[PDB]
Amino acid sequence: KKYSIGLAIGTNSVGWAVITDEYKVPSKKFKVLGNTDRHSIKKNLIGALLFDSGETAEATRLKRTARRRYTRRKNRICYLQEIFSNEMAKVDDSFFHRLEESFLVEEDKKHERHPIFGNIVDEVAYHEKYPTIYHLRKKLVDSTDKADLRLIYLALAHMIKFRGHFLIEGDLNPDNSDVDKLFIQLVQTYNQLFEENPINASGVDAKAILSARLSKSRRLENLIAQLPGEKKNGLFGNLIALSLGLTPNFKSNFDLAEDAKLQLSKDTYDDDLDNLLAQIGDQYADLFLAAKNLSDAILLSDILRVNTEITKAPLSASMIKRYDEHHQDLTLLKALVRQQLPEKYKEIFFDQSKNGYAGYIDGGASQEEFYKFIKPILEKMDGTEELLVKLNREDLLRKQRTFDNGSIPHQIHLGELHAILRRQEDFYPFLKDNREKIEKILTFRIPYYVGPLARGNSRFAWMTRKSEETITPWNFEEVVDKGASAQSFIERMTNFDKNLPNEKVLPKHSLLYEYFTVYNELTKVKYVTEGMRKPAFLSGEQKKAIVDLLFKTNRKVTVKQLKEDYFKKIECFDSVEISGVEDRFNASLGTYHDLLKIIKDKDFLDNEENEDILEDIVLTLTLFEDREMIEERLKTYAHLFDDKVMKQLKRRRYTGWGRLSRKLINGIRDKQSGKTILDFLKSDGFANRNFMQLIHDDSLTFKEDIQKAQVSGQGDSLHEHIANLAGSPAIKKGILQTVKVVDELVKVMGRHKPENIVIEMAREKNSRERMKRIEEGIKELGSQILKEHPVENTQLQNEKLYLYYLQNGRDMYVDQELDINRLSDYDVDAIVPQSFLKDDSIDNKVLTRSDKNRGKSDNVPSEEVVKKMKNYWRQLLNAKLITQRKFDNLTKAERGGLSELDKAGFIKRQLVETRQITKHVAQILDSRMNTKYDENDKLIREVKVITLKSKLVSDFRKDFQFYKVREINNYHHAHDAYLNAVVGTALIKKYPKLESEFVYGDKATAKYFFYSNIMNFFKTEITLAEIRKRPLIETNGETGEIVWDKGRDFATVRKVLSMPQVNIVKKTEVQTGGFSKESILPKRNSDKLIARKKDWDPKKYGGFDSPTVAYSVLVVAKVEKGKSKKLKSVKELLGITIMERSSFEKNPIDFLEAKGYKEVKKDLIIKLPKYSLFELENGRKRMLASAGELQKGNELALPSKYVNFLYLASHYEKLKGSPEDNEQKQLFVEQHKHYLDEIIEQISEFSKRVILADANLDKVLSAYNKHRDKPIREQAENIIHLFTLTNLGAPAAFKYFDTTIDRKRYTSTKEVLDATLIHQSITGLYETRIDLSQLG
RNA sequence: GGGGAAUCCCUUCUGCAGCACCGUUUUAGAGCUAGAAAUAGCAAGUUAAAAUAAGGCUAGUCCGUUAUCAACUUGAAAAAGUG
DNA sequence: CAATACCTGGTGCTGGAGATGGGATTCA
DNA sequence: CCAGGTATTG
Ligand SMILES: [K+]
Ligand SMILES: [K+]
Ligand SMILES: [K+]
Ligand SMILES: [K+]
Ligand SMILES: [K+]
Ligand SMILES: [K+]
Ligand SMILES: [K+]
Ligand SMILES: [K+]
Ligand SMILES: [K+]
Ligand SMILES: [Mg+2]
Ligand SMILES: [Mg+2]
């Protein structure tokens, strides 16, 4: 008894099928367990497991870190309160107790209800004097009087609780505060450098123009307009643009060749500036640094909108400015509306439901919604011009706690905190003693490279301590070992050398590593001149000369340089042909040139004695990111360099790690030669063996030493192994389920292993990434396309509009603008034609007026287009608006275009799967199935694991009319698996040589023809560019075994796809995750509310509702009834919530008695997870959605003829085929038009038996009878929509044409308590059926 | 002969750590006047405290939403076994 | 009870490693 | 976007 298995692995399904020799699906009697009269049942061996998607760990992580931030913010306040404790007890012995209980109702409070002062006169007086906290903050910063200790606490607490961001290193307000003074200094520096062309900046109000609440480019336009004889793209204009935050190009200013694009925000600017300064000199450094200072002031002027010489609290004064203008503007708005629109006043100022001032202050209206609600009312009235100005500046009626306070750096709050401490330490000695402690509470951050400050009970922690004692913000540097911690942060993430598993890999930018990479590439270079008979390798002396003369004097070494600067200069060759490198060398000595710039001592770099020192320096610069730690580590070399060099050295940092270890590169030596790997790369006689040859050469000891160094460690379990794969957790869920399905199928077949296993694996928020890409690209481009055409992220889900913005509103094959409103008239074209590369992503598509203008449709865009457009394409590449892959495919015609080999490769790629994840699944199945070794100790492959891509069965389905309609039911997953088994087994039966291509385990026109016609053996006649005919029966050529009988096997496939009994099993799952919805609801007289804290009665405090049920439980017990508490027997479903789950499981009887049940039959408790399956009357099935709702449980097996009619009539897929075959399909659609009514009838019978939605079914029948005159295509398309009424699972809304059908829900689970519960194995072939009516 | 390696250019995704700003919720910020009352007319509004999974023991400036799960038998569990 | 309409926490930033698909040079 | 919880309305 021989059989094969087909598998269809997806993110929400695993289809499976068992086939025999004749491509038939077996069927068996399977035993049924349980308490019903059915002892067995007949099952076909085909089906599909369905399951909810596996989730990433991201949401879990974001909640976990937020949790930590709330804990630490609370600890911050606790540190401050501990510092204040004793002196506060002398002033007000319960002040902190009133703060802690502020949330409680007066009934529950233990102290007086007024928090700050504990009496109403003083509390009212406080709020009258300080209407916002920022009033109190400003007062305490500016005033010189002794102040109440409770107000000092509230000010410091407010700063420490909401302390601002940490994006700026170092201290602030370093005389970079004033925009006027920094603009003056920029003009002074510029006029120093350009005495003949000076700028007249008198009368120019730089403060107002650059700090105006306007766009960067408009402020640039304003300032340049104030300077006659200067254009925005001149040098001074470009400096101002750089200060405002734009991305100016300094190339034309200094007549450069290298594009000097500079943005002060990019990480590369530090290098991008030195780069530019290398071409123009360092006299200009003082200029570009002057512009940088100006930017800081301009950034500060966005936050601090008040004169900094009238107060040391400009932030608080700016909030107070918000409050005063809010008050004045509210008074004016009230008066204006009173006078002009007196009837709207109540709606504006009393109705929280509307987006007026009432809904803005008390309702749910945001600042944006309120501005939208009141803009027409202001434009409608008179005297609202200044209010409209403030509204369009987003500066009308502002609150102080707003979404845009994310700009505020912590140094600002720190400045006010420090000033308050300096004022009041003169009156409170403990503030003087604790001033720096309090500052440290605000400033201290746990470094990202330290992680949680755990003590052995966190699986996320890596931090190590220097001493075992509690860590505080003040003892952190002494208790935490930051060095060891930062080292572990990297090392727990980096790979070891695979060749020497106990050796750490080198830093990617290490000098040794770059020598290795350069010599490895250079040793395989060959050259020819005239008098030479044969190309020659470079000798050791030639390679050393090329390294010293070229690689150690240029960052990049081109082939032109090799030819001219070496072969001409040294070897006296006028012509020489180079091979083994193209255009320029890929490897380079970048660190060598970095350090040469920093330390300026070539002889230090070239002296092998300093090799270790330079290796340790780069290691430090790679391993650590903190400049203080870097400085501490480099301190041991301080005596070798100057303090200037040491400062430049610590500012230089690298990231990234190599893939080989130092011990491998330059440690182990060949036993007889005594030479390391690097020694061989430098000089290897005339063989010039590279890395691969060296470690694979049996005459050297490298290979054997690698073999000895290997280890294996502890083996992963199957689950572990799958978890460590690279891929989406969703597809990893499908992989594990697939393995479990195969194990059960083998057990079904009497532990006999199959002959073949054929696997196919499906292909695999976003709008904000689209908007970010376009914003970055457009601002890098310097374009105003977002000025002229504002777009929202949702709109970018349109493919053409997204392409329009990515192309800067231009045609891509023609140098012309496109029109947004004409997008429907344009074409979206494939760069590499989709007949070769089935790529439909933006990486292979392009928006053009007319696809004709590409050239010839059979290849890459033509050479003429490439000559026209390569410059524009390069700008798109630099702005990252197209990728390197896209640019290379666009420009390929200048490299010969598509060769015949490229076309052969693309066709083969459409058939031979090469994704890494599918290889891993095949390796897993193959290593589980094949475990024995033969006489030569080689693996015995009893089971061939075959992998196919989806196109094979898809083309098979379309070519032989086995069409799929996904919406009809879930059978197509199973059918896909069946067709994979059939096609895959037949393919390797017919062409066993292709086993290397499709089976796991160890001329261009010819292969193009071959792989294009690989599947023709299925056809009876093939029309290929004339008509050839194949025999009825197809056999293998060598064995003579039959592989495909076209008279009998297609009938077998048809019968298999027509079987109505298919094992669709929805994986039952316990629900996990959040306890409930997160919304904190207002107080309500409802027992659905859940307390947010143990003592917060939700009727007084509000709280949550809508908990998630982890699983339901069948309880058979008694409950008290009536005022007499009489015991009445019950049987019901109790949903255990996720929050309740631990308590219920720790002791179920006590849990159930607490819920009210008595005398619980403990052994009749049935755990019922989501999607538990119940069967009622007439085959009607239901699934548990929760404890109080059910899902649909039945599948609608629509006969094959109706499915194929629906596919053809609806044009479900593209109308590909001969026009005569198109006509025959159209003729069949029209000859079988009565099928439409029959399909409705099939749906109707099904619903009346199983769905029971009388209102919906009647609305549907009326809708179908309403559009009987509609075209057949559209009626078929809408019949596809109808199947939502019958689909398995949760009910859902759908539309028949323009009629909307709302979902009919099953809001009661009472009936399943007397139905039959069905427990299903993973395949559903094994069942346990429990008649629940026999309980109770 | 290699779906194996290094390098260059990138693309995409997965794991983790550190931080900010809002939002919500209860309370505090004396509403006034005319009416016996429902109510009417007016005044006012911007701020704060505290919580932000209930909580846990291991008591850390730690942990608490990912992954994994038919039933049954033997099991404390892990597990293995059962058609 | 069964049916209907409404609800549903969100945004921004910093740092690091790996594997990954695929074009290119050299190899095993 | 799904789809289960919830209060309103009968
Ligand atoms: K009280
Ligand atoms: K000008
Ligand atoms: K609001
Ligand atoms: K190259
Ligand atoms: K680093
Ligand atoms: K020195
Ligand atoms: K789960
Ligand atoms: K889930
Ligand atoms: K199951
Ligand atoms: Mg907490
Ligand atoms: Mg708040």
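All heavy atoms count here, side chains included; hydrogens, waters and symmetry mates do not. Convention: sequence-line order gives letters A, B, ...; per-chain numbering from 1.
- For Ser102(A) against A49(B), a side-chain-to-base donor-acceptor contact under 3.5 Å is present.
- Ion pairing of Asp329(A) with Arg398(A) is absent here, as no side-chain N (NZ or NE/NH1/NH2) approaches a carboxylate O to less than 4.0 Å.
- Between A51(B) and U68(B) there is no base pair of the Watson-Crick or G-U wobble kind with both of its two distances under 3.5 Å.
- Not counting sequence neighbours, the partners of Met463(A) by the side-chain contact (heavy atoms from CB on, under 4.5 Å) test are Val450(A), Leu453(A), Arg465(A), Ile471(A), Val480(A), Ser485(A).
- Of the listed nucleotides (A6(B), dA3(C), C63(B)), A6(B) has the atom at the smallest distance from the side chain of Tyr513(A).
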Contact state string [nucleotides 5-10 of chain D, B base, S sugar-phosphate only, - no protein heavy atom under 4.0 Å]: BSS---
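- If you check the side chains of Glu764(A) and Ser728(A), you find a donor sitting under 3.5 Å from an acceptor.
- Applying the 4.0 Å criterion to OP1 and OP2 of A50(B), one finds that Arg98(A) has every side-chain N and O outside that range.
- Judged by the sign of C1'-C2'-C3'-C4', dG5(D) carries a south-puckered sugar.
- A side-chain donor from one of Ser1321(A) and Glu744(A) sits under 3.5 Å from a side-chain acceptor of the other.
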Can you name the atoms? Protein N/O to nucleotides 38-45 of chain B N/O, anything below 3.5 Å, with the distance.
unit_1 : atom_1 : unit_2    : atom_2 : d
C42(B) : OP1    : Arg338(A) : NH1    : 3.1
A43(B) : OP2    : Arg338(A) : NH2    : 2.5
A44(B) : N6     : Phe349(A) : O      : 3.1
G45(B) : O2'    : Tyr357(A) : OH     : 2.9
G45(B) : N7     : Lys334(A) : NZ     : 3.0
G45(B) : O6     : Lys334(A) : NZ     : 3.4
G45(B) : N1     : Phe349(A) : O      : 3.1
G45(B) : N2     : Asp362(A) : OD2    : 3.3

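- Residue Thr1072(A) places its side chain closer to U68(B) than to any other of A54(B), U68(B), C19(B).
- Relative to the side chain of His114(A), the nucleotides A20(B), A28(B), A53(B) differ in distance, and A28(B) lies closest.
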Sugar-phosphate or base contact per nucleotide [nucleotides 71-83 of chain B; S, B, -; heavy atom under 4.0 Å]: S----------SB
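- Remark: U25(B) does not pair with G4(B), failing the Watson-Crick or G-U wobble criterion at under 3.5 Å for both atom pairs.
- Annotation: side-chain contact (heavy atoms from CB on, under 4.5 Å) contacts of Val505(A) (sequence neighbours excluded): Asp497(A), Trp657(A).
- In a base pair of the Watson-Crick type (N1 to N3 plus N6-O4 or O6-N4) or a G-U wobble (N1-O2 and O6-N3), with each distance short of 3.5 Å, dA24(C) is matched with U7(B).
- Base orientation at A53(B) is syn, since its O4'-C1' glycosidic dihedral falls within 90° of 0.
- Contacts of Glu169(A) classified as salt bridge (charged side-chain N to carboxylate O under 4.0 Å, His left out), with partners at least two apart in sequence or in another chain: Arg627(A).
- In this structure, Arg76(A) reaches the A20(B) phosphate: one of its side-chain N or O atoms is under 4.0 Å from OP1 or OP2.
- The side chain of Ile471(A) lies closest to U61(B) when the candidates are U61(B), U68(B), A28(B).
- Listed pair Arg67(A) / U65(B) meets the phosphate criterion, a side-chain N or O lying under 4.0 Å from OP1 or OP2.
- Under the rule for a ring pair (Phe, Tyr, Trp, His ring centres under 6.0 Å), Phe350(A) has no partner lying at least two apart in sequence or in another chain.
- Residue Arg113(A) has its side chain nearest to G29(B) when only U68(B), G29(B), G18(B) are considered.
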Sugar-phosphate or base contact per nucleotide [nucleotides 21-28 of chain C; S, B, -; heavy atom under 4.0 Å]: SSS-SSBS
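- Nucleotide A80(B) has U73(B) as its partner under the Watson-Crick or G-U criteria, with both atom distances under 3.5 Å.
- Between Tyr323(A) and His135(A), the ring center distance clears the sub-6.0 Å criterion.
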Sub-3.5 Å pairs of nitrogen or oxygen atoms, protein against nucleotides 22-24 of chain B:
unit_1 : atom_1 : unit_2     : atom_2 : d
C22(B) : OP1    : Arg401(A)  : NH1    : 3.4
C22(B) : OP1    : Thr402(A)  : N      : 3.1
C22(B) : OP1    : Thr402(A)  : O      : 3.3
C22(B) : OP1    : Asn405(A)  : ND2    : 2.8
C22(B) : OP2    : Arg401(A)  : NH1    : 2.4
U24(B) : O2'    : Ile1080(A) : O      : 2.6

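- Remark: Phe117(A) pairs with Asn119(A), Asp122(A), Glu123(A), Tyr126(A), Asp148(A), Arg150(A), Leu151(A) by the side-chain contact (heavy atoms from CB on, under 4.5 Å) rule, at least two apart or across chains.
- For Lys31(A), the side-chain contact (heavy atoms from CB on, under 4.5 Å) partners at least two apart in sequence or on another chain are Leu33(A).
- Among residues two or more places apart in sequence or in another chain, the salt bridge (charged side-chain N to carboxylate O under 4.0 Å, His left out) test is passed with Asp888(A) by none.
- Stacking annotation: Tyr1101(A) is not stacked on the base of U26(B) (requires ring centroids less than 5.5 angstrom apart and an interplanar angle below 30 degrees).
- Base stacking between strand neighbours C57(B) and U58(B) is not detected by the criterion of six-membered ring centres within less than 5.5 Å and interplanar angle below 30°.
- Dashed line: the shortest gap from a side-chain N or O of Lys1304(A) to OP1 or OP2 of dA2(C) is not under 4.0 Å.
- Nucleotides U58(B) and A40(B) are not base-paired: the Watson-Crick or wobble atom pairs do not both lie closer than 3.5 Å.
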